[PDB]
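The chain below stands alone, shown as structure tokens; this is the form deposited in one PDB entry.
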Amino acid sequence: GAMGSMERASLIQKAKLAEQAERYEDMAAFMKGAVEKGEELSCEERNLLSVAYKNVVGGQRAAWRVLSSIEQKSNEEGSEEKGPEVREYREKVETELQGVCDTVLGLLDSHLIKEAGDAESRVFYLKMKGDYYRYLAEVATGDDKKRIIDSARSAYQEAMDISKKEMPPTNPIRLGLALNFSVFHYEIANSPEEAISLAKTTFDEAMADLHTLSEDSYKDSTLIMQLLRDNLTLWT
């Protein structure tokens, strides 16, 4: 624990500073240290954790896609052999990405999920588990690509089951979970019809519950509903 000597509260404070400075690797390391203090995370702290690692892995995924595209081109017919360098460097980025994903999955398994009893925390963490297995799936090609995909699906499914039982259809965590599970179906599991069906049902059931919300909750819910609609427009 490189952050083991820093107070939990100081780690959270510095995570917020790192965010303002757009230093997301630092933000992630501060939040990792905060999780490893062993106390449950508040709602704000959970979102600091997810924002930090989302930004880190998001940059890695963007770089991996650039490099994978170059690699695919250099492997086409008529291409000039430039040697092992493109593959080596894509592999380097891929390994770093897998390391970040394993770290996040490690925090969820030790011991954020098992200590999360409320729907709002348990669904949030299981959505994260699905998301980070999804990112591992995006780069997987070995004897365990199918097992990685099923690990993502399993986590997403447990989160959906809880969210449908315990949260209203407009809950932003429920909505965001369905958004991402829908993308999982479309992009990972090769189930575009399930992806479209999930996004549409999620949108329609949220629409019918908007009348119950305050202006501030309405804004939060309609924001994610628009992302569901955006994806449906991309897919139909």
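Basically, rigid core = biggest C-alpha set you can superpose within 1.5 Å across the two forms. One-based numbering along the sequence shown.
One more form of this protein, deposited in another entry, exists but is not displayed; see below.
A.B. asks: Quick check: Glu25 between the shown form and the other one - does its CA shift reach 2 Å or more after fitting the rigid core?
C.D. replies: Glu25 C-alpha, core-superposed: shift of less than 2 Å.
A.B. asks: Cα of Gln226 displaced 2 Å or more between the shown form and the other one, core superposed?
C.D. replies: No; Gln226 is a residue whose C-alpha shifts by less than 2 Å between the shown form and the other one when the cores are overlaid.
A.B. asks: So with the core overlaid, does the Cα of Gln13 end up 2 Å or more away between the shown form and the other one?
C.D. replies: Superposed on the core, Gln13 moves its C-alpha less than 2 Å between the shown form and the other one.
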